[PDB]
Every structure is written in C-alpha cells, then in structure tokens.
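Peer 1: No letters, just coordinates:
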C-alpha cells in the first residue's frame, strides 16, 4: 500500500492505492484507504484493518469535538489512548491526517509526526512516492493534487504491494 | 481448505471442501466447512478450527439481532470483539459470510473485506479457486453454484490441502 | 503413543500402547492409556499427562451426569470449558471417547470430531494404525477388537514412539 | 544431575549427585539434591532449581496431611496446582518421591509416572543410571542402596553433568 | 541517533542529531531529540520513540517536584517505575539527563549510570561521539558546547543512523 | 563483570571490577559493585542494574532487621519475595553477600547458595577468578584480601568484560 499527502498553494491532499495483499497474491484491488472526518473538514488516509480504521477514525473525530477543530491537539490526544488503552493497544495502523491547519502521521507507538513539508509517504511504497513527490515539488509548478497523483503512480509502478487504484481527498482554503 | 463464494442473478453461494490436514496426513475428509446462521437468512464458510468457527459464528448471529440483520454493521462489530477481546483474540479462523445484500471476509485483524464482485476465495486453495471462478464468471453464462462448484474442484486439483468433498449452502433472493 | 478405536457389529473398542518417551529414550513402558467412564458405560483412551487425564475424564463424567448419558452433548459441553476456563486451558491432550451411541475425538482446541467410520487413530502412530485398520475393515470379516489389536501392533511396529503393551476396552450392545 | 531410586526388600532409596552446572563450568559440587519430608516418612530427590524444589516439596507436604499421607492421591493434586497455577507454572523442576507404598515421578506437565519397578532415574544422567540399575537389579542380590549408589556412579562416569558427590536418603519398611 | 553531553566550567550541554530511520530509509530528518524539563532547570536528550520519551520525561518531572529537584534520587525512582510498571515496562527508550549537579543515563533496566566525567554518549553513534568528545576534552581548551557539537558531527560522519541536524540545550551554572 | 569473595583467618571480603559493557564497547569503567549493608556489619557485591541493587539491598537490610542480624535467614527470606512478588520478579541480578557468620549468593530464581569454602566467583569472569583464588588459597599463606585482589586481577586479565578498577570491602572478626 502507499499513502501520499501533499500541500501546496492552499491545497492539501491525501491519496492512496487500493491493493490488499496476502502472501504473494492480491486479495482485493479497490480498497478505500483515504476517507474524510470531522464534518468533512479533516481528511485522512491509512494503512491497516478496515475496522481498525473505522475505530481509530471515529475516535479521532471525537477528540476533535473535545478540542474545537484544533487538529494537532485531538491528534496528540488520540495517539495518547492508542498507546495506553489495553484494548486500543492491539489495533495496528498508520493514520495520515490533514486539515487546513497542518498534516501528520500517528502510529500505534503514540507518536505524532510532522514531516519536513507536510509531505507524508507511508506504506511499503512510501519512499518511492516521497522520492517522486519531492522531485516534482522542487522542479515543477504542478499542483498538490497533481503531485500526489503522479507520485502515487510512480509508487504503484515500483512497489509490488501498490497498485493504481486511487482515492484522492483534497481540501481548499488559501 | 478452500472456501468459495460466487454471486449471480439473485443467487449467491458458498462452497467449501472437507479436508482437515495434520502435518502431511489427512485427518478427516468430510469436514463441514459451510453452514447457515440467523434463521437461514445467512450463509457462511470458514477456514480453520471448527470449534473456533462455531464460537465466532454464534457471536455473529448475536450481533445480527443487535443490528437488525444489517450484515456489514453487525459484521464490523464482530471484527471488533475478535481483535480486542482476550479469549476471542486467541481464535484462529477466517470467515466468509453472505446474505442477499453482500458477501464478505472477516478476519481477526479487524479487517472486513468485500472483494470485487462479492467473489470470495479464502483458504490455502483460495487463489486457485479465485482464478477459475474469475474466468468462468467472465466467459460463461454459468450460475453461481455452477461456478463455485467447478471453481472449488479446480482448487482441489491444484491445492494439496483441499479435497473434493463439498458442502454448498445457497441463497436465492432473485 | 497410538490410540486406536474401532466399531463393528455392535462392538466398539479403544486400544492403546504404553510407551512414554522423553527425548530419545523410554521413560515407562506400561502406561494405561485407555480407561472407562460414566459407570463403566463410556470407554475412552488418551495421549497426554496422567493428571490431565484424571482431570479431563472426571469432568467429562459430570457432563454426562448433566446430560443423561447423551455422549455427544457432554462431549460438546466438555470441549467447551476446555477451551475457555483460564486454568483448564493449559491441559494438553487428545481424548478418544466412545459409547454405544458413537465415538469421537476432543482436542484442547475445543473441537469435537466424528471420524469417517467411528475410526479413530490419534497419536504419533495414529496414521499407521488407521492404514492397517482401514485395510482390515475393508478386506476381512475380523472383529472390532481383533482390528484395533492388529492395527495397534502394526503401529508399534512402524512407530518409534509406540510399543506393544496394550490396554483394550470393549463394549457390547447390538 | 542424576536422581536414582531403587527399591528392594522393605528398603527404598533415592540417590542424587551434587553438581550444578552453569554453561560449561561447574558452579557447585556439593548440591544436596535429596531430602526428607513429612516427618521423615517421605524421601525425595529433585532435578533443577533448589528453591523451586523447596517450593514444590513444601506444597507436597501440605497436600500430604490433606490426604492422610496417601502418596499418589496427594501427589496428583500437586500435579494439578503445578500446571494450573500462575506462579508454580513458572517453576522448572523434576520430582522424585517415595515412601513405603510406591515411588514416582512428578512433572509440571500434570504427569505422575511410576516406572516399572519403582525404578526411577531422572536428570540428564537418568538413562545411564537406569541402564546400570536395571542390570544390577536383574543379575545380582545387591540391595537398593548398593544399586542406587553403584548406578549413580556409573551415571557420573558417563554424564558430563553428573559428579560423584552423593546424598542418599533411605527408608526401611521391610 | 546520537545523544552527546559534555560538561565544562559551569557549562553543561546535550546535543542530539535529528534522523529517524525506518528499515534502510530516512523517515524524518529534523527530529527534536533534546528538550528542557522542570522549569528549564533540567536538560534531556533521548534515543528512541518520541512519544515514549515524552511519557518518561513527564514522569521524571513528576519525580522531581517529589524530591525537591534532587536529580539522582528523583532519577532512581524513575529507574524503578520504568522496569516495574506494566505500561512503562513496554516503552523502548534511552534517557540522557543533566542539571548543574550531575549528568546521567537512565535505562529501562533499572540502571542509572553516570559516566567518567559526566561525558554521555548514547545511541547507535554514541561511541564514536564518545571517542571524539574524549579526545577534544583532553587536548583542547574548547567548551562543552563546542565539544558536543564537534563530537556529534564526527558521530554523524561515522554513524549511518545519525545525521547532521542538531538540537542543543545548554545550561550555565558557572 | 567479576565479583570475588573470600574468607580466611577471621577476614571476609568481596571485591569487584567496574566495567559496564554495552555490545562491544565500554559504557563506564568505574562502577561500584561492592557496597555495605546492615549498619556496616554486612558486606555485599553484585552484578546488575544500579537500581535493582539499590532496591534489592535496601530490602535485604530490612529482612536483617526482621531477623536479628541472622544473615542466612534474611537471605532466605529475601530470595523468597524476589521470586514471588509480581514486581520484584523482574529485577535481574546476582547478589553476593557476606557477614562474620557466612557468605553466599542469591539469584532471581530465589536460590540461596553457599559455595564450597565461602568462595564466591560470580559474573562472566567468575570462573577465572575462582581458578586463581582456589590456586592461591591452596598453595600460599596470602590473606583473604590479597586473594580476592590478585584473583580479581587475573580475571580482568582474561575476561574481556572485566577491568581493573576494584572496590574491596573487608570485615574482621576472628
């Protein structure tokens, strides 16, 4: 899988492929790995269980309700329980989350990470996406969406665990 | 073991083989890997320990009356308890379940997958069944049951852990 | 060890050898692996601790008292706790149990298995016994007891972990 | 370490060596591996950690007053607590215990074995002791103690983990 | 990652690099591995998971008001909870902490070390930093900060897991 | 590390080196591994965490307060909790403890061991020390202190994990 997030000119996105793999074969080819949260204000993508998601995202929404849209805080509060609550402790995943404010990664370890330029590239294809995104972002006037898209393709092209089905979720603000 | 589920024209099936393997020897040849649940409105097949499947299916039923038979929603809760709870967490099994609304996989990794065309194929012989089922479903007017059966046999021919004993529960909703 | 059970002409039996092994040497050569239960109505054999037995069989007896001689039920109820009760969960073994009704295997996994023809062959020598029993049962008029016996010898002859000390327990009903 | 127990004419013994090994070096040479329990009416030897043995023997005594000194019955309960209980479950040790009614092994696997002639030989050097003890007991009029000692020394000659320091508790019931 | 701490003339520092590595790729380059605690009277660097460090540092502060800022005593308690407690016990991290009284390491193995001259160097690149820091501190009049920085860079040149991004918190007590 | 204890002519000692190792490098070279307890009546040395010590020694002191200076008893009572108390169970170490009465080793296993001649040699360099101590003690009129010292050097000379920093703690009584 490959989750790519990019932010340029009051535009932030999160794009992902749709391949789920079991051993050396493809189980499914159209997995939705990028959703939307907090009354379609907060976008997010992820790598993991379809339920872990539907549990980690629902909660995240509440943390946002308990911290007036302040992305970061809810995020900080999220990774908190996620590494503490006996039960929650078992869900494994990598949430990519971004709002007009900022974007970042949360990990079962409870970490909250803000990458160099709100550039996120998680998953087995993460680095190939990062490499292509970084390239584009530094040598062309392309858009945040055009980036993630193209970056994602490059990835699915290199990564044996990443395909070409996409699920993009933008966000305009300026 | 191979559990196959095809779905054509108001007809959805689930076929499994009946081999149980211990090491390199066949322990039982007529294992019933498919069965009905929720007043026969639901059909299911399972890879793994019979008793575990019994445990998991029972709870599934429970979750069904809980969510007025809404397969998915009731199914996702199961994806929950499964990975969260201590006892259940121990269970080793793969679930295949279908009704007239949709077919889908259920694993202990809080994952609830719904393949491309409700085409399910799990178990060591799963891919081979998928391969044949795909071909048949795209080059013939054959029926769900016809495909599932024929696909299952192909699986049994390829897969060293799948035999030719079958159990097929069907569901006609047309 | 090798536990063999056979049923022919209103006659059911369970036979076992008496070798306990530790590494590459014999600890004991006369272990009683086939007992009797439920007021000498229900016979049984097993592979495991001499205590696990004296705990799993005592309980099984009670489940029979809680289900009027109905073999299967108590059996089903047995494998139940055996995979649930925190403590009980640690006992490892393979109970072979049979009454005039039917015969079957219970495993720590909580499974209740009824083999093709009330033919049971558990233990490291299980398959060699099964092979010899199956042969005899299909090509000769021999008796349930003569079968298990001869089958058992064949086993102890092939199996480095099985000897020639026997403990047979029959049961006539017709 | 080798623990040997022979039993002839109202005379039953238990002899152990006294080596404790750490890696490839001898840590202690005079380990007392045999002792009395239950007002000297019971003798016991043990393979493993002294403190664990102390723990297990203490409880054994406890179980003895509990079942009017009935060795086996009181011994089987110990086979219980040992594998069931959390703390005890952790203990690594092999028990050899005898009185005037019988000799027998006790392991944390809910196993309570009573070898062919009350002839016990446990520990890395166990078999070699068994081998010699067998020979002596079947070609000489030697006594329990004479056999146990001589057998133990043979063990100490063969077994790299058994030395020639001995501790022999005897029991005369004649 | 390399965390370095040098201490010269009423000047004590702690410098870390900022690389986070995943497999063989750099995930983040500007990780802040050093920070202040206890009303800026205490400085600390850490090897490992940021969130874990956050958890551990928080508690450290707690222990400080508990023992009137006595570094060691308050630090040793932390060495306690860390290995004893269930949750904390899970945390993977190495702590480097200093104030005007002393510098010292804190690990989850109930170990609280205080190197030869308050010279601390932990993390995969720790030794290389130690090596250079030693040399500088014994053949030059350079300052704590000058040494720490220069040492850290040497580390970054040798250590494949340490980069050249720095974060240096200083403490002047002179 | 290497802890050496010796007793000759109303003189008992415990000596240790000061090397702490991490992988293939020295973390610290002057670790105090030999302290004093029970109102400077009871000496002790150890191999492990600097905290495990400061927890295992503090307690040991109390056991002495609960058993009127009687070394052994407190010792026996110590190794007791140390293998029982949920928390205490995690501390790993090897306490060498000696008073005018006697000297011995305690281990997380709960063991209390009194070596052949109040001669203790624990740690990776233990046997080399033992060999040199044994030699000296049997072929020269040297003193308990001179022994441990010389024995310790021999050790640090052979043992790659032992150095030449010493911490000796004597005790005269006659």
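Peer 2: Good, I have the coordinates. Residues are numbered from 1 along each chain as shown, chains lettered A, B, ... in the order given.
Peer 1: Pull the contacting residues for the residue of chain A found nearest chain E.
Peer 2: Taking CB to the nearest CB as the measure, chain A has residue A:110 as its residue closest to chain E, at 3.7 Å. (Each C-beta comes from the backbone N, C-alpha and C, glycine too.) Neighbour list for residue A:110: A:79, A:80, A:82, A:83, A:84, E:49, E:51, E:52, E:55 [criterion: CB atoms under 8 Å, 6 or more residues apart in numbering or on different chains].
Peer 1: surely residue A:116 meets residue E:29?
Peer 2: Yes. Checked against CB atoms under 8 Å, the pair residue A:116 and residue E:29 is within contact range at 6.6 Å.
Peer 1: Indicate whether the helix or strand hosting residue A:155 makes contact with chain E.
Peer 2: Following DSSP states H and E, one finds residue A:155 within helix A:144-158. No. With CB under 8 Å from any CB of the partner chain as the threshold, helix A:144-158 lies outside contact range of chain E, at a closest distance of 13.2 Å.
Peer 1: chain center to the following helix or strand past that helix, what's the gap?
Peer 2: Following the chain from helix A:144-158 toward its C-terminal end, the next helix or strand by DSSP H and E is strand A:167-169. Distance of strand A:167-169 from its chain centroid, counting by CA atoms, centre = their mean, to the nearest Å, is 10 Å.
Peer 1: what comes into contact with strand A:167-169?
Peer 2: A:13-16, A:18, A:32-36, A:43-45, A:145, A:148-149.
Peer 1: Strand partners (parallel or antiparallel) of that strand?
Peer 2: Taking DSSP bridges as the criterion, strand A:167-169 forms sheet pairs with strand A:12-16 (antiparallel).
Peer 1: Do a quick rundown of the strands in chain A.
Peer 2: Using DSSP state E, the strands found in chain A span residues A:3-7, A:12-16, A:20-22, A:25-28, A:34-37, A:42-48, A:93-98, A:103-107, A:112-113, A:120-122, A:167-169.
Peer 1: need those in TSV with mean neighbour count and distance to residue A:131, can you?
Peer 2: Shown next, in TSV, are these (neighbours: other CB atoms under 10 Å in any protein chain shown; distance: least, CB to CB, whole Å):
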stretch	mean neighbour count	distance to residue A:131
strand A:3-7	29	11
strand A:12-16	28	15
strand A:20-22	16	22
strand A:25-28	17	24
strand A:34-37	18	20
strand A:42-48	25	18
strand A:93-98	24	17
strand A:103-107	24	18
strand A:112-113	20	19
strand A:120-122	28	8
strand A:167-169	19	20
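Peer 1: what angle separates the helix holding residue A:155 from strand A:12-16?
Peer 2: 20 degrees (axes from the mean of the first three to the mean of the last three CA atoms, to 10 degrees).
Peer 1: now the angle from helix A:144-158 to strand A:3-7?
Peer 2: Helix A:144-158 runs at 150 degrees relative to strand A:3-7, counting by the same axes, to 10 degrees.
Peer 1: Could you name the helices and strands sitting against helix A:144-158?
Peer 2: Counting contacts by 3 or more CB pairs under 8 Å, 6 or more residues apart in numbering or on different chains; DSSP states H and E, helix A:144-158 packs against strand A:3-7, strand A:12-16, helix A:126-139, strand A:167-169.
Peer 1: Can you report phi and psi for the closest residue to chain F within chain A?
Peer 2: Minimum separation of chain A from chain F (CB to the nearest CB) falls at residue A:86, amounting to 17.1 Å. The phi and psi values for residue A:86, taken as degrees, to the nearest 10, are phi -20, psi -60.
Peer 1: Check the burial of it by counting its neighbours.
Peer 2: Taking other CB atoms under 10 Å in any protein chain shown as the criterion, the count of residues near residue A:86 is 10.
Peer 1: Over to residue A:30?
Peer 2: Residue A:30 has 15 neighbours, counted by other CB under 10 Å.
Peer 1: what's the spacing between it and residue F:76?
Peer 2: Counting by CB to CB, to the nearest Å, the gap between residue A:30 and residue F:76 amounts to 68 Å.
Peer 1: before we move on, what about residue A:119?
Peer 2: Shown here: residue A:119 relative to residue F:76, a distance of 63 Å by CB to CB.
Peer 1: can you check residue A:78 too?
Peer 2: For residue A:78, the distance to residue F:76 - CB to CB - is 50 Å.
Peer 1: and if you look at residue A:113?
Peer 2: 52 Å.
Peer 1: what's the neighbour count on the residue nearest to residue A:82 when sequence neighbours are not counted?
Peer 2: Of all residues beyond its chain neighbours, the one nearest residue A:82 is residue A:88 (5.3 Å), with distances taken as CB to CB, 6 or more residues apart in numbering or on different chains. Applying other CB under 10 Å, we find 18 residues neighbouring residue A:88.
Peer 1: and if you look at the one 3 residues further on?
Peer 2: A count of neighbours around residue A:91, defined by other CB under 10 Å, yields 21.
Peer 1: Kindly report the same for residue A:174.
Peer 2: Residues near residue A:174, counting by other CB under 10 Å, number 6.
Peer 1: just checking, it touches residue A:10?
Peer 2: Yes. Counting by CB under 8 Å, residue A:174 sits close enough to residue A:10 to count as a contact (3.3 Å).
Peer 1: isn't residue A:130 right up against residue A:122?
Peer 2: No. The pair residue A:130 and residue A:122 does not pass the contact test of CB under 8 Å, sitting 9.4 Å apart.
Peer 1: beta partners for the closest residue to residue A:95 other than its chain neighbours?
Peer 2: Nearest-residue entry for residue A:95: residue A:106, 4.5 Å, with adjacent residues in sequence omitted and distances by CB to CB, 6+ apart. Here residue A:106 sits in beta bridges with residue A:95, residue A:112, going by DSSP bridges.
Peer 1: ok, now which ones touch residue A:106?
Peer 2: Contacts for residue A:106 were tallied using CB under 8 Å, 6+ apart; they are A:75, A:78, A:79, A:82, A:94, A:95, A:97, A:112, A:113.
Peer 1: Residue A:82 too?
Peer 2: Residue A:82 is in contact with A:56, A:88, A:89, A:91, A:106, A:108, A:110, counting by CB under 8 Å, 6+ apart.
Peer 1: The first one against residue A:94, yeah?
Peer 2: If I follow you right, that is residue A:56. No. The pair residue A:56 / residue A:94 is not scored as a contact, 10.1 Å apart, by CB under 8 Å.
Peer 1: Overlap in contacts, the two.
Peer 2: Contact with both residue A:56 and residue A:94 is made by residues residue A:46, according to CB under 8 Å, 6+ apart.
Peer 1: Can you get me a residue count around residue A:67?
Peer 2: Residue A:67 is surrounded by 15 other residues when neighbours are defined as other CB under 10 Å.
Peer 1: ditto for residue A:116
Peer 2: Counted with other CB under 10 Å, residues neighbouring residue A:116 total 11.
Peer 1: for it, what are its contacts?
Peer 2: With contacts taken as CB under 8 Å, 6+ apart, residue A:116 has the following neighbours: E:28, E:29, E:30.
Peer 1: got these as CSV, with distance to chain A columns?
Peer 2: Supplementary listing: those in CSV, determined by distance: CB to the nearest CB, whole Å:
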residue, distance to chain A
E:28, 6
E:29, 7
E:30, 7
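Peer 1: Name the nearest of the residues you listed relative to chain B.
Peer 2: Distances from those to chain B were compared by CB to the nearest CB; the smallest belongs to residue E:28, at 27.4 Å.
Peer 1: Pull the contacting residues for the closest one.
Peer 2: Under the criterion of CB under 8 Å, 6+ apart, the neighbours of residue E:28 are A:113, A:115, A:116, E:18, E:19, E:20.
Peer 1: Apply 6 Å and report the result again.
Peer 2: Neighbouring residues of residue E:28 by CB atoms under 6 Å, 6 or more residues apart in numbering or on different chains: residue E:20.
Peer 1: do the same with residue A:78
Peer 2: A:60, A:63, A:106.
Peer 1: Count the neighbours of the closest residue to the second one other than its chain neighbours for me.
Peer 2: Counting by CB to CB, 6+ apart, residue A:74 is the residue found nearest to residue A:63 once chain neighbours are left out, at 3.4 Å. Other residues within reach of residue A:74, judged by other CB under 10 Å, total 25.
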